[PDB]
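**Q** with the input below, show me the fold.
(2 chains, ligands or ions: 2)
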Protein chains: 2
Amino acid sequence: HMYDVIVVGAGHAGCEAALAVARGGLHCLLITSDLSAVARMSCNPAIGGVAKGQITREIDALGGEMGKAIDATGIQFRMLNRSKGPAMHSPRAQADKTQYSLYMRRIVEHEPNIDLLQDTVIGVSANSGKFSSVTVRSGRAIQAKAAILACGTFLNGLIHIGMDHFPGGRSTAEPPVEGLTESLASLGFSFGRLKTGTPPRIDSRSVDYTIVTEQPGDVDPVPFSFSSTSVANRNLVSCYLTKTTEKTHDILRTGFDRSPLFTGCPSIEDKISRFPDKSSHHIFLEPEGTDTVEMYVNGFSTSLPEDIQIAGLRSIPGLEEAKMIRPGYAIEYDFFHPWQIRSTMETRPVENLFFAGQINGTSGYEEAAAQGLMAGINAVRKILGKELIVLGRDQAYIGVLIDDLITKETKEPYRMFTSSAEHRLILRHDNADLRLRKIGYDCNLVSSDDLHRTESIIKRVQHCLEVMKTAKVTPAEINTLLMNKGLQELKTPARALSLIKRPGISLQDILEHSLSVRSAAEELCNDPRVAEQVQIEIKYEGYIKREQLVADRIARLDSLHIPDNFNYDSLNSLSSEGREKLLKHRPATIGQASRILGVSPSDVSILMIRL
Amino acid sequence: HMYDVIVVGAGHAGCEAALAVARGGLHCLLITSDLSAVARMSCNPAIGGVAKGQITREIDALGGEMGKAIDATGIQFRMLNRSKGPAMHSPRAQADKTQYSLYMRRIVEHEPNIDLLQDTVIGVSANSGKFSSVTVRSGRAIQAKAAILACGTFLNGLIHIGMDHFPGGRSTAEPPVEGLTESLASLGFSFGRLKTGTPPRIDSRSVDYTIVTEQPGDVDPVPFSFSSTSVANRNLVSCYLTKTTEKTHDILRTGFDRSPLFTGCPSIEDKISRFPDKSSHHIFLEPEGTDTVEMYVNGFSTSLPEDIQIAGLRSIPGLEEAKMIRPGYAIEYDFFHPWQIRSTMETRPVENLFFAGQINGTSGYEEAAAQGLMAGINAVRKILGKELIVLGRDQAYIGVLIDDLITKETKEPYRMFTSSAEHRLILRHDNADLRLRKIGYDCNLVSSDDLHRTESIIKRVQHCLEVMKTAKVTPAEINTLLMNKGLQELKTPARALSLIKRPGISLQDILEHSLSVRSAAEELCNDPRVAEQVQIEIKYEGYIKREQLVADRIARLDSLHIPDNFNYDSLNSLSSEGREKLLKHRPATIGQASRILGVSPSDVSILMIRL
Ligand SMILES: Cc1cc2nc3c(=O)[nH]c(=O)nc-3n(C[C@H](O)[C@H](O)[C@H](O)COP(=O)(O)OP(=O)(O)OC[C@H]3O[C@@H](n4cnc5c(N)ncnc54)[C@H](O)[C@@H]3O)c2cc1C
Ligand SMILES: Cc1cc2nc3c(=O)[nH]c(=O)nc-3n(C[C@H](O)[C@H](O)[C@H](O)COP(=O)(O)OP(=O)(O)OC[C@H]3O[C@@H](n4cnc5c(N)ncnc54)[C@H](O)[C@@H]3O)c2cc1C
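**A** Residues are numbered from 1 along each chain as shown, chains lettered A, B, ... in the order given. Ligands and ions are numbered 1, 2, ... in the order given. Next comes the structure:
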């Protein structure tokens, strides 16, 4: 009798993986090179942002830790894109790097099913194309039914500061892993190399708080976790805004031809290069903890020579006397081409071997965590012999991410920010639980008191929308309100509640003004979530139906997975630039085929009147 | 304008060093390879013990952090040698390893004079035999007036598990430093190599809490820091006692010839080898935190092959199903021969360069911390041009340690436990503040409210001892007490308080029983400290005078630093051996000369009728 799943690496993918395997009721072994460093935040002292916020909430909705961890460890909470719509609202908080990592370990150590081991994996062994065991530095083999690899930037890592380069997996402070990459190539795996940068850290006390403008967390912040109740008290530090000078840019041009991130997006070098017309660039100074002196210089990711970096930083207003604790650097690492893995996070070359995280050439904690979660769930499912889970592009940002990963192949690590997923309103942060909670249940990650509670919150919204049409509102109550708001004047018999609250009126502006409505529905009053959902469902009726119709169109397309071993030289009126892109790329699903820039909308129509 | 003191390495020596330099009002630069790891407790999850407790309190008394840190971070407090006397009482507490480290960083970061840098030093540059600068990995030179080196086990470190060996400075998880040792040898420094072991860590949950006997922290524990007020609430975890079997020893004999710690004291291998007559050995299972699952297996330091270790551990009762998170290993490292440094912690080969910690071939946090403190103080003094501080063997355990270090030259790292410092009662833990507090003041480390407070506590003790000869106690009050204690029966007029409290009666047993005494002195009541001091001063009158008389002979002979420039060839009635040990060792003080095992009591007498 041995282990079920052994998860290598206890970073962001590794944790969500090991936690999912354990909470899924299977014996799990977490192997990692350094326990002092579980879930360490190597780069940004923050979680969330444009696409990252949504994907974090979706991790929470499925029963993952990252959501809870940031609510537990936040330093300033700030929602991005406030003036924009529900689809644009993006949750983001600063983390206490060290306190975040401690929390994540604490959780992993309190889960009975996870045994821990501090060693480095230098090889994975496999018999006739299916996983068997894993070789640690000592040369032991450790036997398991299925293994998740979550190695981040450690596989033959190299640190680049200007022209010199040192061994190092995350920072110079970490030894790189050396055995494993050759061992995997030995099992028929192709691999490339990626570079990603981190900005320098500076001593807070060396900053001129007379010039730099302070940016506090917003009054009444938003919790990532649907289980959390408040994060009001978690507004402990604020961040600090500045911009760069034309004079900063001159200093940095010096080192361009030395920095191994300069290209032809991940640089300040690259930024000034691709945009020499903007005479300014934003930088955010972010404390890394509530009482550390270490400060992260956002938007200044760099590989310039150590001496040029300080010269640049000091030119930035507010940082004339900046003391630099670490230089910014780039990490070069081995990654495994994302076509080699399935949508299910399982690998093609070997069954029961899953890849999650930076190792798939993605970048981001949230991005890595989401993969770890799925890879974890699916490792349990495989051992049980149950159905593996793939999320749809109409279901989650995670679905879009994992699909885009295995599909879109490019020389740069995949970030979700440039990902302008046209499915926006239906995938907004605030309904993630409704969408994914049931899927969470099937994987033993969401409690019944949770699952059943989300099943009832949807019942109330639609039950309320019943009343929002019947309910009537006389021009006696709202006319004086509308006079001041300068909105639509109610000359007449407008009731049809929905027809009122659309152009710029709150749902609560009505319940407050008519006895009619609150009598028919005061349940939304008592619950603030229903109130929030209903108010959007009707204020965005038009656009939701429009988006959902396309999502179903795209759902139907992604639901024809049978195009494989058939003559691409059978189709009648195709090609001339299509057909050649089809034979080159070889699309798995016909939905995947409609995103190749070579094929036309008219070409995929002739592939449908076929399959 | 540059830096004053740059301290390399932020371990135990490094911190006390950097903190002493800063609190001493000088600009300081702490350079260390990894900030995530300041003051990390690489080995034992505890502070104090036999000699180590006293030396911690003495660090506190001088204005160091280690005392405060363990009061802040203790998990179980336990005084060792309870049944023995005041000289034997030794304070010791378990630390939350991770929480201890965090505290120590927090303090260093809140000291304005310390700037921080994360880099590795690969060289120290010097002009005409005096310190000038320090070369970091990038090849920058960083200029300073004086530099403390506190590198611990990192200088060309090598990890030994049985027969295979990996690079690594503290654990496998750390890169070793490579440039510096050759650069120092280049400046005329000899260096050797030492090996020290750490025991394996095990998962708490894999322990059989039916067999293992629990050892709670003692009711009413003792604070290390004289500034702390209680540590009562800091009894959060307890430790777990077991012993080894004859069967454990058989399993371990297998790997003896592989383990590079086996010799001919630092091993379980060595222990069973040197003592095969004892059919049992003690092991202490110590949690490393209040809520970590990681557990330290004290008394099982080992270098045996990874597979033999687990086989051994499982044979120990209570650990039949033990899951091992890490193997025990040995660390081999470069150290600099302690004769090359002065008593003042400054080096002979180069002025303004100080050596502190494991780099002087000592072992222990406290041992390292104490050196750091002194090295720090003396770096400030040198730059100011003030008197350097050397502590005497009658003043502190730190004085004994530093003297023994530069004097006693042996193939093994120096530990204070085997150090049976005959000066015991005068150096007990509980008066450390009185002895050293004034010395602390001169170095800007002890506040006036502190210094003046210790100057007044001594006033009360002697002021009380005035009254303890005068005050009277009738046989009416104590006779019933003495009847139960079965002590001396008071037939008659015994007053003379002192004459009462001697054979087995508390000072507080009297104040409680006679109206006479508390009326004449209730000040000792209010200062439970005065009460504690007085009670010993009189219960140990005989032995204190006896010890102090010998200490005064060693006092005089300490400060006979005159024989600087003369040959041992012009000295008459000396040798055989005696003259050859003198030319070899080359003693600084003639007191130091009388402790060399080669020279006789009659030989030093002919060195005195001379100087
Ligand atoms: C330019 C740039 C921009 C970025 N922007 C963002 C951003 O906007 N938002 C954001 O959240 N993040 C951002 N990051 C991303 C972040 O740096 C990485 O994505 C993250 O460090 C990788 O996560 P991971 O879980 O996949 O692996 P890691 O967290 O790096 O995990 C590696 C862990 O596995 C262990 N390990 C590795 N290999 C082995 C082995 N073989 N044997 C045993 N143990 C092993 C190690 O101990 C380590 O702890 C950015 C990074 C860059 C470079
Ligand atoms: C067998 C054994 C028994 C022990 N028993 C005890 C005991 O009973 N009680 C006890 O308290 N302890 C015990 N220990 C002792 C303990 O393991 C060491 O003494 C301690 O780790 C060394 O302390 P230090 O301050 O000198 O250096 P360290 O704490 O090891 O400091 C090294 C630090 O300096 C930095 N650094 C090093 N070199 C450089 C460089 N060149 N450039 C930049 N930064 C650098 C690193 O980042 C690191 O954090 C024991 C150890 C062994 C092996």
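**Q** is it true that residue A:134 touches residue A:124?
**A** Yes: Residue A:134 is within contact range of residue A:124, at 5.2 Å (criterion: Cβ atoms under 8 Å). Placement of C-beta: from N, CA and C, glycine included.
**Q** and the stretch 101-250 of chain A, which residues reach chain B?
**A** Within reach of chain B by Cβ under 8 Å from any Cβ of the partner chain, the stretch 101-250 of chain A has these residues: A:102, A:105-106, A:109-110, A:112, A:115-118, A:120, A:137-138, A:140, A:161, A:164, A:166-168, A:171-175, A:201, A:203, A:205.
**Q** before we move on, the earlier item: need the overlap of contacts for residue A:134 and residue A:124.
**A** Common contacts of residue A:134 and residue A:124, defined by Cβ atoms under 8 Å, 6 or more residues apart in numbering or on different chains, comprise residue A:147.
**Q** where does the residue of the stretch 151-300 of chain A at minimum distance from ligand 2 fall, phi/psi-wise?
**A** Per Cβ to the nearest ligand atom, residue A:173 is where the stretch 151-300 of chain A lies closest to ligand 2, at 8.1 Å. Note on residue A:173: its backbone torsions stand at phi -70, psi -10 [degrees, to the nearest 10].
**Q** check which helix or strand residue A:335 maps to.
**A** strand A:329-336 (DSSP states H and E).
**Q** in the helix or strand just after that strand, which residues are buried?
**A** Sequence order places strand A:353-355 as the next helix or strand after strand A:329-336, per DSSP H and E. Going by neighbour count (16 or more other Cβ atoms under 10 Å in any protein chain shown), the buried part of strand A:353-355 is A:353-355.
**Q** list the buried residues for the helix or strand just after strand A:353-355?
**A** Proceeding N to C from strand A:353-355, the next assigned helix or strand is helix A:365-384, under DSSP H and E. Under the neighbour-count criterion of 16+ other Cβ under 10 Å, helix A:365-384 has A:365-383 buried.
**Q** hang on, the earlier thing: any quick PyMOL command for the buried ones out of the residues of the stretch 101-250 of chain A next to chain B?
**A** Selecting only the buried entries of these in PyMOL, with 16+ other Cβ under 10 Å as the criterion:
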select buried, chain A and resi 102+105+106+109+115+116+117+118+120+137+138+161+166+168+171+172+173+174+175+201+203
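**Q** among the residues of the stretch 101-250 of chain A next to chain B, name the ones in strands.
**A** A:115-117, A:161, A:164, A:166-167, A:201, A:203 (DSSP state E).
**Q** so which of those comes closest to residue B:128?
**A** Set against residue B:128, the nearest of those by Cβ to Cβ is residue A:164 (30.6 Å).
**Q** do you know how far the closest one is from residue A:332?
**A** 13 Å (Cβ to Cβ, to the nearest Å).
**Q** repeat for residue A:575
**A** Note on residue A:575: its distance to residue A:332, by Cβ to Cβ, is 40 Å.
**Q** show me chain A divided up by domain.
**A** Using curated CATH domains, the domain ranges for chain A come out as A:1-198+A:329-446, A:199-328, A:447-560, A:561-611.
**Q** which one of those lies closest to residue B:359?
**A** Among the domains of chain A, the nearest to residue B:359 by Cβ to Cβ is domain A:1-198+A:329-446 (19.9 Å).
**Q** burial check on residue A:472, number of neighbours?
**A** 14 (other Cβ atoms under 10 Å in any protein chain shown).
**Q** did I read that right, it in a helix?
**A** No: looking at residue A:472 with DSSP: H, G, I helix; E, B strand; the rest coil, it is coil, so not inside a helix.
**Q** the residue nearest to it when sequence neighbours are not counted: what secondary structure?
**A** Distance criterion Cβ to Cβ, 6 or more residues apart in numbering or on different chains; nearest residue to residue A:472, sequence neighbours excluded, is residue A:495 at 3.2 Å. Secondary structure of residue A:495, reduced to three states by three-state DSSP: coil.
**Q** phi and psi next, for residue A:495.
**A** When read as degrees, to the nearest 10, the backbone of residue A:495 gives phi -110, psi -90.
**Q** pull out the buried positions in stretch A:555-563.
**A** So stretch A:555-563, judged by 16+ other Cβ under 10 Å, has buried residues A:557-558, A:563.
**Q** what's around the residue lying closest to residue A:254 once chain neighbours are set aside, how many residues?
**A** Computed as Cβ to Cβ, 6+ apart, the closest residue to residue A:254 that is not its neighbour in sequence is residue A:308, at 5.7 Å. For residue A:308, the tally of surrounding residues (other Cβ under 10 Å) stands at 20.
**Q** so who does the residue of the stretch 401-550 of chain A found nearest chain B touch?
**A** Of all residues in the stretch 401-550 of chain A, residue A:444 sits closest to chain B, at 21.0 Å by Cβ to the nearest Cβ. If a contact means Cβ under 8 Å, 6+ apart, then residue A:444 has A:23-25, A:380 as its contacts.
**Q** determine which stretch of the domains of chain A is the most buried.
**A** domain A:1-198+A:329-446 (a mean of 22; mean count of other Cβ atoms under 10 Å in any protein chain shown).
**Q** chain center to it, what's the gap?
**A** 10 Å (Cα atoms, centre = their mean, to the nearest Å).
**Q** residue numbers of chain A in contact with ligand 1?
**A** For chain A, the residues in contact with ligand 1 (Cβ under 6 Å from any ligand atom) are A:8-14, A:31-34, A:37, A:40, A:42-44, A:49, A:52, A:120-121, A:150-154, A:170, A:177, A:180, A:196-198, A:266, A:301, A:357-358, A:363-366, A:368.
**Q** please flag which of those residues sit within helices.
**A** A:12-14, A:52, A:180, A:365-366, A:368 (DSSP state H).
**Q** just flag the most distant two among those residues.
**A** A:52 and A:180 (28.4 Å).
**Q** find the nearest non-adjacent residue to residue A:307, please.
**A** Closest to residue A:307 by Cβ to Cβ, 6+ apart is residue B:140, at 7.6 Å.
**Q** residue A:335 too?
**A** In space, residue A:335 comes closest to residue A:361 once its chain neighbours are excluded; the distance is 4.0 Å by Cβ to Cβ, 6+ apart.
**Q** list the contacts for the one you found?
**A** Counting by Cβ under 8 Å, 6+ apart, residue A:361 touches A:192, A:194, A:335-338, A:413-414.
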